[PDB]
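Colleague: Got a structure for you, questions after.
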Amino acid sequence: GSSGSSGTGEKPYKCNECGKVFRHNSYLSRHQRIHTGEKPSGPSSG
Ligand SMILES: [Zn+2]
């Protein structure tokens, strides 16, 4: 799971939820999606 307070990769774009690394942000943002998604707790955006 989340084993590592701070991770350093060879790419400027790396996921924190899983840890995987990507080349472009687009792929990162779209990917992170698989993580996000849950009941609304606090008002962030609307
Ligand atoms: Zn991820």
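Letters A, B, ... mark the chains of the structure tokens in the order given; residue numbers begin at 1 per chain; ligand numbers begin at 1, in order shown.
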May I have the residues within 7 Å of range 7-11 of chain A as a PyMOL selection string, using only C-alpha atoms and disregarding those fewer than 2 positions away in the same chain?

Modeller: chain A and resi 4-5+13-14+21-23

Colleague: For N, CA, C and O atoms, I'd like the residues from the last selection saved as a PDB file, in the first residue's frame.

Modeller:
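That gives us again24.pdb:
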```pdb
ATOM      1  N   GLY A   4       5.966   4.667   2.144  1.00  0.00           N
ATOM      2  CA  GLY A   4       6.946   5.669   1.769  1.00  0.00           C
ATOM      3  C   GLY A   4       6.402   7.081   1.877  1.00  0.00           C
ATOM      4  O   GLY A   4       5.596   7.507   1.051  1.00  0.00           O
ATOM      5  N   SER A   5       6.843   7.806   2.900  1.00  0.00           N
ATOM      6  CA  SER A   5       6.392   9.175   3.117  1.00  0.00           C
ATOM      7  C   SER A   5       6.630  10.029   1.876  1.00  0.00           C
ATOM      8  O   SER A   5       5.765  10.801   1.464  1.00  0.00           O
ATOM      9  N   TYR A  13       5.966  13.236 -13.197  1.00  0.00           N
ATOM     10  CA  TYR A  13       4.577  12.861 -12.957  1.00  0.00           C
ATOM     11  C   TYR A  13       4.486  11.452 -12.378  1.00  0.00           C
ATOM     12  O   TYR A  13       4.716  10.464 -13.076  1.00  0.00           O
ATOM     13  N   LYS A  14       4.148  11.368 -11.095  1.00  0.00           N
ATOM     14  CA  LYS A  14       4.023  10.083 -10.419  1.00  0.00           C
ATOM     15  C   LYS A  14       2.832  10.082  -9.467  1.00  0.00           C
ATOM     16  O   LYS A  14       2.643  11.020  -8.692  1.00  0.00           O
ATOM     17  N   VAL A  21       4.137   5.502 -11.988  1.00  0.00           N
ATOM     18  CA  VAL A  21       4.684   6.715 -12.586  1.00  0.00           C
ATOM     19  C   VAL A  21       4.255   6.850 -14.042  1.00  0.00           C
ATOM     20  O   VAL A  21       4.107   5.856 -14.752  1.00  0.00           O
ATOM     21  N   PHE A  22       4.056   8.089 -14.482  1.00  0.00           N
ATOM     22  CA  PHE A  22       3.642   8.356 -15.854  1.00  0.00           C
ATOM     23  C   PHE A  22       4.563   9.382 -16.510  1.00  0.00           C
ATOM     24  O   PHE A  22       5.403   9.990 -15.847  1.00  0.00           O
ATOM     25  N   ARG A  23       4.399   9.566 -17.815  1.00  0.00           N
ATOM     26  CA  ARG A  23       5.215  10.516 -18.562  1.00  0.00           C
ATOM     27  C   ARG A  23       4.544  11.884 -18.616  1.00  0.00           C
ATOM     28  O   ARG A  23       5.149  12.899 -18.269  1.00  0.00           O
TER      29      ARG A  23
END
```

Colleague: Taking only residues of chain A that have an atom at most 8 Å from an atom of ligand 1, what is each one's shortest atom pair and its distance in Å to one decimal, using only C-alpha atoms and all ligand atoms, in chain and number order, as JSON lines?

Modeller:
```
{"residue": "A:15", "atom": "CA", "partner": "ligand 1", "partner_atom_place_in_ligand_line": "1 (Zn)", "distance": 4.8}
{"residue": "A:16", "atom": "CA", "partner": "ligand 1", "partner_atom_place_in_ligand_line": "1 (Zn)", "distance": 6.4}
{"residue": "A:17", "atom": "CA", "partner": "ligand 1", "partner_atom_place_in_ligand_line": "1 (Zn)", "distance": 5.0}
{"residue": "A:18", "atom": "CA", "partner": "ligand 1", "partner_atom_place_in_ligand_line": "1 (Zn)", "distance": 4.3}
{"residue": "A:19", "atom": "CA", "partner": "ligand 1", "partner_atom_place_in_ligand_line": "1 (Zn)", "distance": 6.0}
{"residue": "A:20", "atom": "CA", "partner": "ligand 1", "partner_atom_place_in_ligand_line": "1 (Zn)", "distance": 5.8}
{"residue": "A:28", "atom": "CA", "partner": "ligand 1", "partner_atom_place_in_ligand_line": "1 (Zn)", "distance": 7.5}
{"residue": "A:31", "atom": "CA", "partner": "ligand 1", "partner_atom_place_in_ligand_line": "1 (Zn)", "distance": 6.0}
{"residue": "A:32", "atom": "CA", "partner": "ligand 1", "partner_atom_place_in_ligand_line": "1 (Zn)", "distance": 4.7}
{"residue": "A:33", "atom": "CA", "partner": "ligand 1", "partner_atom_place_in_ligand_line": "1 (Zn)", "distance": 7.8}
{"residue": "A:34", "atom": "CA", "partner": "ligand 1", "partner_atom_place_in_ligand_line": "1 (Zn)", "distance": 7.0}
{"residue": "A:35", "atom": "CA", "partner": "ligand 1", "partner_atom_place_in_ligand_line": "1 (Zn)", "distance": 6.4}
```

Colleague: Taking N, CA, C and O atoms for each residue, export the selection above as a PDB file, in the first residue's frame.

Modeller:
```
ATOM      1  N   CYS A  15       2.031   9.024  -9.528  1.00  0.00           N
ATOM      2  CA  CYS A  15       0.858   8.900  -8.671  1.00  0.00           C
ATOM      3  C   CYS A  15       1.268   8.649  -7.222  1.00  0.00           C
ATOM      4  O   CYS A  15       2.288   8.015  -6.956  1.00  0.00           O
ATOM      5  N   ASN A  16       0.464   9.150  -6.291  1.00  0.00           N
ATOM      6  CA  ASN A  16       0.742   8.979  -4.869  1.00  0.00           C
ATOM      7  C   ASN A  16      -0.158   7.906  -4.264  1.00  0.00           C
ATOM      8  O   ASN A  16       0.227   7.223  -3.315  1.00  0.00           O
ATOM      9  N   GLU A  17      -1.358   7.766  -4.817  1.00  0.00           N
ATOM     10  CA  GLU A  17      -2.312   6.777  -4.331  1.00  0.00           C
ATOM     11  C   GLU A  17      -1.750   5.364  -4.470  1.00  0.00           C
ATOM     12  O   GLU A  17      -1.707   4.603  -3.504  1.00  0.00           O
ATOM     13  N   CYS A  18      -1.321   5.022  -5.681  1.00  0.00           N
ATOM     14  CA  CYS A  18      -0.763   3.702  -5.949  1.00  0.00           C
ATOM     15  C   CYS A  18       0.761   3.751  -5.973  1.00  0.00           C
ATOM     16  O   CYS A  18       1.431   2.862  -5.450  1.00  0.00           O
ATOM     17  N   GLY A  19       1.304   4.799  -6.587  1.00  0.00           N
ATOM     18  CA  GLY A  19       2.745   4.945  -6.669  1.00  0.00           C
ATOM     19  C   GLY A  19       3.251   4.916  -8.098  1.00  0.00           C
ATOM     20  O   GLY A  19       4.325   5.438  -8.396  1.00  0.00           O
ATOM     21  N   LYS A  20       2.475   4.303  -8.987  1.00  0.00           N
ATOM     22  CA  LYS A  20       2.848   4.206 -10.392  1.00  0.00           C
ATOM     23  C   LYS A  20       3.355   5.548 -10.913  1.00  0.00           C
ATOM     24  O   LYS A  20       3.043   6.600 -10.356  1.00  0.00           O
ATOM     25  N   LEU A  28      -1.728  10.930 -15.991  1.00  0.00           N
ATOM     26  CA  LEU A  28      -1.753  10.871 -14.533  1.00  0.00           C
ATOM     27  C   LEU A  28      -3.130  11.246 -13.996  1.00  0.00           C
ATOM     28  O   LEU A  28      -3.748  10.481 -13.256  1.00  0.00           O
ATOM     29  N   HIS A  31      -5.670   8.788 -14.902  1.00  0.00           N
ATOM     30  CA  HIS A  31      -5.416   7.557 -14.163  1.00  0.00           C
ATOM     31  C   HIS A  31      -5.926   7.668 -12.729  1.00  0.00           C
ATOM     32  O   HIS A  31      -6.775   6.886 -12.301  1.00  0.00           O
ATOM     33  N   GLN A  32      -5.404   8.644 -11.994  1.00  0.00           N
ATOM     34  CA  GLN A  32      -5.807   8.856 -10.608  1.00  0.00           C
ATOM     35  C   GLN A  32      -7.305   8.629 -10.437  1.00  0.00           C
ATOM     36  O   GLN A  32      -7.770   8.286  -9.350  1.00  0.00           O
ATOM     37  N   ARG A  33      -8.055   8.823 -11.516  1.00  0.00           N
ATOM     38  CA  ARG A  33      -9.502   8.641 -11.485  1.00  0.00           C
ATOM     39  C   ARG A  33      -9.867   7.314 -10.826  1.00  0.00           C
ATOM     40  O   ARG A  33     -10.724   7.264  -9.943  1.00  0.00           O
ATOM     41  N   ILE A  34      -9.214   6.242 -11.262  1.00  0.00           N
ATOM     42  CA  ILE A  34      -9.471   4.916 -10.715  1.00  0.00           C
ATOM     43  C   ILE A  34      -9.477   4.942  -9.190  1.00  0.00           C
ATOM     44  O   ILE A  34     -10.093   4.092  -8.546  1.00  0.00           O
ATOM     45  N   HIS A  35      -8.789   5.925  -8.619  1.00  0.00           N
ATOM     46  CA  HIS A  35      -8.717   6.065  -7.168  1.00  0.00           C
ATOM     47  C   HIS A  35      -9.886   6.893  -6.643  1.00  0.00           C
ATOM     48  O   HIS A  35     -10.746   6.387  -5.922  1.00  0.00           O
TER      49      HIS A  35
END
```

Colleague: Can you pull out every residue from chain A that DSSP, working from the backbone, puts in strand (DSSP E or B), and format the result as a ChimeraX atom specification?

Modeller: /A:13-14,21-22

Colleague: How about saving the chosen residues, N, CA and C atoms kept, as an mmCIF file, in the first residue's frame?

Modeller:
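again_21.cif written:
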```cif
data_model
loop_
_atom_site.group_PDB
_atom_site.id
_atom_site.type_symbol
_atom_site.label_atom_id
_atom_site.label_comp_id
_atom_site.auth_asym_id
_atom_site.auth_seq_id
_atom_site.Cartn_x
_atom_site.Cartn_y
_atom_site.Cartn_z
ATOM 1 N N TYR A 13 5.966 13.236 -13.197
ATOM 2 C CA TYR A 13 4.577 12.861 -12.957
ATOM 3 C C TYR A 13 4.486 11.452 -12.378
ATOM 4 N N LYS A 14 4.148 11.368 -11.095
ATOM 5 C CA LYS A 14 4.023 10.083 -10.419
ATOM 6 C C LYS A 14 2.832 10.082 -9.467
ATOM 7 N N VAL A 21 4.137 5.502 -11.988
ATOM 8 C CA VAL A 21 4.684 6.715 -12.586
ATOM 9 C C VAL A 21 4.255 6.850 -14.042
ATOM 10 N N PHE A 22 4.056 8.089 -14.482
ATOM 11 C CA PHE A 22 3.642 8.356 -15.854
ATOM 12 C C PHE A 22 4.563 9.382 -16.510
#
```

Colleague: Quote the spacing between CA of residue 29 in chain A and CA of residue 44 in chain A in Å to one decimal place.

Modeller: 17.1 Å
